[PDB]
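The data below hold one chain only, encoded as structure tokens and taken in the form deposited in one PDB entry.
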């Protein structure tokens, strides 16, 4: 007897899945991953539901101010997302203190600007300061909603949260082409094209159509079966695959296209430096994930980075850059074809420059052999006007001749995330 409750409204779009509004309770019958067989207590109908749309009754996840499986940087990003205001807060799983919680509050500083402060929450009973004890988390928030214990700003409304992406159809990895309606061509290339399409007249998706050639079918599909496992918030979601030549790659749809185009647009020109640093931090996070898995990207640049409607950067074309440009390529890969994760680090340096210059072409005014001869002399791109010295230093560290002396994506991610934050200022220390 395991009962769950719905966190968001949901409309059925498949054959045997249920519709439920926010508040409806339900009985779990089968735990089959992303989809769960369940019986509604409101309609008495049995059918499948998305796992991430419900939570066990009176678990912390049912609360509006609680967020599960979310990092400190993600907490900062979500709290700083538009709509929220001064005092916006959340309670989350502590990244460093396992089994414990943390409070993240939106504050304003006359120096930096809009910021997010974090506080550790102690066990045995909960408290931030040893003076004010609280029986539950709910009392803990209820106290600070009017009048703080001496922390930045007082608590207000919980952090705003949108509906999660509805997971892909239950067991629909290899789909027939008939399910797709490639409605509008987004872009074309030497190896194929990209379309905005719909899946079964309800699910907006993107499709990379590959022209038949060097791309060996079985080998490619093996590589794609590898790609499916590499799921991460900073990697574009790979939904389905049409196995019959010509091969179609069905993925999540990114509303604002590539990072290059977005940067070159007006809204992209409206984006201040901290935001650009945030973009690069998200990219570095994705590459850190790829590094942890030991796989290699082989073609990192703003054109192969996609942007969501909510300005979330995701990596695309990962691994695909093998199964089938030197200005983004490390010297060792240019000369001896030795593509490693360090060459990807070099590429990340170039992409960093590309970001800070709002999509400008690297080495402006130079041809490919021009650049090649330049690199031998030990030449690097100069620091742009708007680029911070400390970020340029990161770029330069990415562009070291020896790939061995190049930083990992783990380090780069850590540095970029806390770029404006002194280590001692991550979590506030209250008396």
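Heads up, when I say rigid core I mean the largest set of C-alphas that superpose within 1.5 Å between the two forms. Positions refer to the first chain, counted from 1.
Keep in mind that the form deposited in another entry is not shown, yet the notes after this line are about it.
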With the two forms aligned on the rigid core, which of the residues 45, 373, 383, 68 moves its CA by 2 Å or more between this form and the one not shown?
45
On a rigid core superposition, would residue 18 pass a 2 Å threshold for CA movement between this form and the one not shown?
yes
Align on the rigid core first; then say whether the Cα of residue 395 has moved by at least 2 Å between this form and the one not shown.
no
Once everything's superposed on the core, is residue 9 shifted 2 Å or more at the Cα between this form and the one not shown?
yes
